[PDB]
């Protein structure tokens, strides 16, 4: 958390390009005098989003054999444009703050558990992220009364069934294929 990590990410160019936006350069330095090329946006449904490894605020250090640590904005764009159909990126990022994993036991009310979910493979709630997210908690429902679950929580598992890289419909099935008492594994920021 807060420390630098370095990663090789190879992307295959799709019809709409690599599927991300950049800012920075020696002539457009955002944040102090740091000339780094940064990712500012991951395009929904694009190559970077489907791959899932590239993150907003990652700094691109190399594009294939080209050093983009101290280049103009235009030089970076050109290097990415000319990089071919298989693009090998070497990036740097500050590790995000760690998430708290929590177990929550809920008893269903007459209207279920009282929350809504979004996300899944092909329905990413955040571009690049296949996780199931809580998007709504029903006033007066079981999740609300318990008080632990919150909007923006990630559902990792329901009872013994993992929800890592699953389709949205399977996440719903798993959450509805339950008895009255449900055990949830949850990731909080």
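Residue numbers count along the first chain shown, from 1.
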Which has the higher mean CA temperature factor in the PDB entry, 143-151 or 58-66?
143-151
Mean CA temperature factor from the deposited coordinates, higher in 84-92 or in 101-109?
101-109
Ranked C-alpha temperature factor of residue 14 among modelled chain residues, by third:
highest
Place residue 186 in the lowest, middle or highest third of its chain's C-alpha B-factors, as listed in the PDB entry.
middle
Third of the chain's Cα B-factor distribution that residue 8 belongs to, per the entry
lowest
Chain-wide C-alpha B factor ranking for residue 49, given as lowest, middle or highest third:
lowest
Test of reading the entry: by CA B factor among the chain's modelled residues, which third contains residue 123?
highest
